[PDB]
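> Structure, please.
(2 chains)
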Amino acid sequence: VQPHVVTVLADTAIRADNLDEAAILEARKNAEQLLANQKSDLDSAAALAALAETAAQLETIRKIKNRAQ
Amino acid sequence: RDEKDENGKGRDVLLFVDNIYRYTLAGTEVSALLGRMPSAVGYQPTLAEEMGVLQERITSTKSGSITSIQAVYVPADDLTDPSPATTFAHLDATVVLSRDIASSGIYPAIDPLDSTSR
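Numbers count the residues shown, from 1 in each chain, chains lettered A, B, ... in the order given. Now the structure:
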């Protein structure tokens, strides 16, 4: 603090409506954990299954292009 | 092959045939005018019999031996076509060439996943 400028630095800071903030920060923790879990699920489902399923079977058709039966 | 000499043994023979497929093609060209009915994709009904009649003569017996090399044409790059498919069973070693290897600048364009030998 000094007469022209005032600045206070804090490692962890939030509006202290109560003497504790764990009950408020737990909501953010739940949101972050849920977003991470859903993002992992979405990435896995969108990529791993789908791309492998598309790449599963393509050569049995390419090998028979010139067939006349 | 079956030639002997007085106090002289036999001789080994090498035989080279170029495009044995033209024999069956010429057989095809006259099948309809002889009065037959076509089969498969426009082929004559006696393809296998007249291939085997010729193929069973190119062989080595107790009296003399023959080593032969033949070139087989594959129409329209289709290994499933009846003529090469029928021909496949008359040989001991089969070498298969592929256009995909040839178009990449690799010579000789021999396919290593389709060439077998007894």
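
> contacting residues for the one residue in chain A that gets nearest to chain B?
Closest residue of chain A to chain B, CB to the nearest CB: residue A:66 (4.6 Å). Backbone N, C-alpha and C define where each C-beta goes, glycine included. Counting by CB atoms under 8 Å, 6 or more residues apart in numbering or on different chains, residue A:66 touches B:76, B:77, B:78.

> Narrow those to those that are buried.
Buried by 16 or more other CB atoms under 10 Å in any protein chain shown: residue B:78, out of the contacts of residue A:66.

> Name the nearest of the contacts of residue A:66 relative to residue B:112.
Checking those against residue B:112 with CB to CB, the nearest one is residue B:77 at 18.2 Å.

> quick revisit: can you tell me which of the contacts of residue A:66 comes closest to residue B:108?
Among the contacts of residue A:66, residue B:77 lies closest to residue B:108 (CB to CB), at 17.3 Å.

> near chain A, which residues of chain B?
B:41, B:76, B:77, B:78, B:80, B:81 (CB under 8 Å from any CB of the partner chain).

> Distance from the chain centre to stretch B:99-113, please.
21 Å (CA atoms, centre = their mean, to the nearest Å).

> Many thanks, have a good one.
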